[PDB]
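In what follows, a single structure is set out as structure tokens and then discussed.
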């Protein structure tokens, strides 16, 4: 505020968002027989 | 720190008619005039508003104190507060200049406190101590009270009526067991 | 520090007409006044009994605090608690010739510790071999209707036991008895020390 | 010591004499006194041609010197509304003399 010479200026205006951090889940099912006979890395694909 | 009240309660707001319905009604004889009964309810309101630090009829107070405790505080002693009227800030002689900004009343039954905005609270001149007028209490009538606090007034004003001097005679929810939950529980006996 | 009072309670300010209705004496007789010198004689003996346990004043008579040396540097707590409008601070010398001094003393009004609180960092100096008389009117209100009612009920509970038993005869106190009503008007001090 | 809880109207009858040596009773009210009333064992009593219903009713008032209106005399009676308590005697309960024993009957005609 524009302080006058003899005003005895008073106190002025002093100046939280939460991020819950959710969870994203994937659980693909695969037969054990398949993970042994296929030529492709079904573990990695 | 004085805390005198502005105006006393009129007596037309006290239930002198509902007290004798507690006192002798249903069981008894359908005894004393209204000036004898009303001298016993306000002698039982002032015994419970002193033990529980309450007000119960919501009259107006004036708290005039000379130094604030913190700069974001000064809890008010009379507990149920609403609508702090003015924050007068007198000087020595006192042309009596009020302030109208800087603080927020926080209505709270635990710590009714005055909590200025930011970090600075209105300071006090040399000799010119600050006064707060506030209107603390439950409601303007008697029907706005908590009923267990209003019952313990009737259980106590019927004690001051039915036995005159300090003579002889504890029930489960007595006088003490009803006002034990309206009392102020503080464990600071320290510096701050 | 003597602390004698200037004037006493006039006796017309005591509620004998209400203390008579408290005692359940009698209503419509042609006598109705046989104990006015007695019912008032135990109200003065129960007010002054509670003024000694609570250090209160209850009728707001005028006091005089005649002392010879200031206790601390600036504050000088007054014994009687509810104070208002200290009338005169005079500063006497060796023999009479009292001169009133505005003196920069100011009287913080508070029912916790009623003190003077010198504003010029020192109380006004006392002459060698001279007194200081603080004249003040301490108490709640001028009439009986201005008292706090819990303290005024303890006067009626106590003056009725001086009425109903004359010699010291032993009498279980009631939840809010005589002692339980004045025990929030007592002075709670924990300093036995030098300052 | 007594708990003086009940309000009783003391009544003295002014005694206007008639011609034949007797008096006439009208029972104007004297002042009101506070007193506790303690019932004894009550039962019917053969009246004149009535079946009365009496109870002992010891009544405790505060005391007074004998030349005062606050002393109930045995020619007086109490009255709580329309319940006539007679007075049989007064007898000075305490050793110090603070309270009295009135004795009533309160005989309704049943």
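Protein chains in written order, with the entry's author numbering: chain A5, 146 to 160, 164 to 193; chain C, 1 to 30, 33 to 171, 175 to 197; chain D, 1 to 171, 174 to 197; chain E, 3 to 112.
We put the CB at the ideal spot given by N, CA and C, even for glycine.
- Residue 119 (chain C): not part of any beta strand (DSSP E); DSSP gives it neither H nor E.
- DSSP links residue 108 (chain C) through a beta bridge to 115 (chain C).
- Residue 89 (chain D) is bridged by DSSP to 134 (chain D).
- Between residue 112 (chain D) and chain C, the shortest Cβ-Cβ separation is below 8 angstroms.
- Cβ-Cβ separation between residue 80 (chain C) and residue 138 (chain C): approximately 4 angstroms, consistent with a contact (criterion under 8 angstroms).
- Around the beta carbon of residue 187 (chain D), 16 or more other beta carbons sit within 10 angstroms, so the residue counts as buried.
- Shown here, residue 20 (chain D) sits in a helix according to DSSP, grouped into three states.
- Within the same chain, no Cβ atom closer than 6 angstroms to the Cβ of residue 145 (chain D) is found once the five residues on either side in sequence are excluded.
- Taking a Cβ-Cβ cut-off of 8 angstroms, the neighbours of residue 6 (chain E) in chain D comprise 24, given in sequence order.
- Excluding sequence positions up to five before and after residue 67 (chain D), its CB lies within less than 6 angstroms of the CB of 1 and 132, all in the same chain and listed in chain order.
- Ranking 110 (chain E), 103 (chain E) and 98 (chain E) by CA distance to the CA of residue 168 (chain D) puts 98 (chain E) first.
- Exclusion of the five residues before and after residue 163 (chain C) leaves 42 as the residues of its chain whose Cβ lies within less than 6 angstroms of its Cβ.
- Here residue 136 (chain C) has 63, 83 and 86 as same chain residues with Cβ atoms under 6 angstroms from its own Cβ, once five neighbours each way along the sequence are excluded.
- The shortest C-alpha to C-alpha distance from residue 4 (chain C) to any of 54 (chain D), 109 (chain D), 134 (chain D) and 56 (chain D) is the one to 109 (chain D).
- In the three-state scheme derived from DSSP, where H, G and I count as helix and E and B as strand, residue 88 (chain E) is classed as strand.
- Distance from the CA atom of residue 23 (chain C) to the CA atom of residue 56 (chain C), rounded to whole angstroms, is 24 angstroms.
- Contact of residue 25 (chain E) with chain D is not assigned, every C-beta pair being separated by 8 angstroms or more.
- Counting other Cβ atoms within 10 Å of its Cβ, residue 191 (chain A5) stays below 16 and is therefore classed as exposed.
- Of 190 (chain C), 115 (chain C) and 181 (chain C), the smallest CA-CA separation from residue 50 (chain C) is found for 181 (chain C).
- Close to residue 158 (chain C), with beta-carbon spacing below 8 angstroms, are these residues of chain D in chain order: 177 and 178.
- Using a Cβ distance threshold of 8 angstroms, residue 87 (chain E) and residue 106 (chain E) count as a contacting pair.
- Note that the C-beta distance between residue 166 (chain C) and residue 160 (chain D) is below 8 angstroms.
- The C-alpha of residue 17 (chain E) lies about 14 angstroms from the C-alpha of residue 79 (chain E).
- The beta-carbon of residue 73 (chain E) is placed no less than 8 angstroms from the nearest beta-carbon of chain D.
- With respect to chain E, the C-beta atom of residue 166 (chain D) has a partner C-beta closer than 8 angstroms.
- By the CB criterion at 8 angstroms, residue 121 (chain C) and residue 73 (chain C) fall inside the cutoff.
- Residue 78 (chain C) is positioned such that its CB atom lies closer than 8 angstroms to that of residue 114 (chain C).
- Taking a beta-carbon distance threshold of 8 angstroms, residue 151 (chain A5) does not count as an interface residue toward chain C.
- The stretch 57-70 of chain E makes contact with the stretch 38-47 of chain E; the number of CB pairs closer than 8 angstroms reaches 3 or more.
- Cβ-Cβ distances below 6 angstroms link residue 123 (chain D) to 70 and 74 in the same chain, with the five nearest sequence neighbours on each side left out; the list follows chain order.
- Below the 8 angstroms Cβ cutoff, chain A5 contributes 155 and 156 as neighbours of residue 104 (chain C), in chain order.
- Following the DSSP letters along the chain, one finds residue 82 (chain E) inside the beta strand (DSSP E) bounded by residues 79-82.
- The continuous stretches of beta strand (DSSP E) do not include residue 184 (chain C), which lies in the alpha helix (DSSP H) extending over residues 181-184.
- Within the same chain, 55 come within 6 angstroms of residue 189 (chain C) by CB-CB distance, once the 5 residues on both sides are set aside.
- For the pair residue 26 (chain D) and residue 33 (chain E), the CB atoms are nearer than the 8 angstroms cut-off.
- In the structure shown, the three-state DSSP call for residue 30 (chain C) is coil.
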